[PDB]
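In PDB author numbering, the protein residues as written are 142 to 177, 192 to 309, 314 to 435.
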Ligand SMILES: Clc1ccccc1C(c1ccccc1)(c1ccccc1)n1ccnc1
Ligand SMILES: C[C@]12CC[C@@H]3c4ccc(O)cc4CC[C@H]3[C@@H]1CC[C@@H]2O
């Protein structure tokens, strides 16, 4: 019951997702791994709380059948809390490159002025990265299954207090289709109120249009009473995700000001110029 414009819109989004989402992470290589007064000190207590919010163990399944497993250390007051940051930066950077390739291919995104493209990517790269991570999140084992790589959360009631983490469990519960995930990525990408956007009217009409398509898709393909208000639930999660984005952006910048680790691409997406 979708229009031909709506059907073509989903086809282009799914096409962009298929071409630019390395779901098996087969081309994520050369990444780093952990080794084998008062105003400058109040930061450390906040950075320490940020890093130990959600900790993950890391597993590498080699192509030969071997398995490396990394269990992170506990906070003992030193620099050991930063051990997984270089790897997290490399993985995030790899996801961001796929996100940027995703946007540049969508026709509605390609047609915007280049400055608005950059403004939209700077605003939504983290959110689309989290949306893609949720499709490989295993809520039964609490693990993000990224091909050869697995990231397992180290009861669980105090862990769902982490907002980003409650988001992953709640979004996974909705059991969305691939078409609904990619429509969420489009709605998040075309948020007309990111810092620096000029064509606020063009982006807003495009976003309302991806939302109408998602609303219509759900109405046509989900009559079950369990999917009542599913569209509104999805839109509420996108609002929460945008807020999680702002929280984690400040967490990153706090950690960056004290222990630099952001890659050049991460610096570009987060406004870091390269000079103190
Ligand atoms: Cl999102 C994610 C996927 C896979 C492994 C780890 C994480 C996580 C993260 C958060 C923001 C940007 C990149 C990765 C993360 C997932 C859920 C809740 C918090 C953080 N993470 C970074 C450090 N420890 C865990
Ligand atoms: C997830 C944290 C905030 C967001 C940080 C981030 C944010 C963005 C990004 O591209 C990578 C990372 C890696 C480290 C993350 C942090 C580790 C602990 C903290 O909670």
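Note that beta-carbon positions come from the ideal geometry of N, C-alpha and C, so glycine has one too.
(request) For the segment 366 to 386 and the segment 333 to 350, state whether three or more C-beta atom pairs, one from each stretch, are separated by less than 8 Å. (result) yes
(request) Indicate, with yes or no, if ligand 1 has a heavy atom lying under 7 Å from the CB of residue 288. (result) yes
(request) Using the DSSP secondary-structure output, state which residues sit across from residue 340 in a beta bridge. (result) The partner list for residue 340 (beta bridge, DSSP) is empty, contrary to what the question assumes.
(message) So, for residue 275: in the same chain, excluding its five sequence neighbours on each side, which residues have a beta-carbon less than 8 Å away from its beta-carbon?
(response) Excluding residues within five positions, the ones whose Cβ falls inside 8 Å are 258, 264, 267, 348, 349, 350, 353, 356, 362.
(message) Rounded to whole angstroms, what is the Cα-Cα separation between residue 255 and residue 280?
(response) 8 Å
(request) Determine the direct distance from the alpha carbon of residue 300 to that of residue 386, and round the result to whole angstroms. (result) 27 Å
(request) Please report the residue range of the beta strand (DSSP E) in which residue 300 lies. (result) 298 to 301
(request) Would you kindly check if the distance between the Cβ of residue 424 and the Cβ of residue 248 is under 8 Å? (result) yes
(message) Using a Cβ-Cβ cutoff of less than 8 Å, which residues in the same chain neighbour residue 203 once the five nearest sequence positions on both sides are dropped?
(response) 230, 236
(request) Locate the beta strand (DSSP E) running through residue 307, then write down its first and last residues. (result) Residue 307 -> beta strand (DSSP E) spans 304 to 308.
(request) Could you tell me whether the segment 281 to 293 touches the segment 320 to 340, using the rule of 3 or more Cβ pairs below 8 Å? (result) yes
(message) Could you check whether the segment 413 to 433 touches the segment 197 to 212, counting it as contact only if at least three pairs of C-beta atoms, one from each stretch, sit closer than 8 Å?
(response) yes
(message) Helix, strand or coil, according to DSSP, for residue 410 in the structure here?
(response) Looking at residue 410 - three-state DSSP - the assignment turns out to be helix.
(request) Flag this pair as yes or no: are the beta carbons of residue 373 and residue 337 separated by less than 8 Å? (result) no
(message) For residue 375 and residue 395, what's the separation of their Cα atoms in angstroms?
(response) 17 Å
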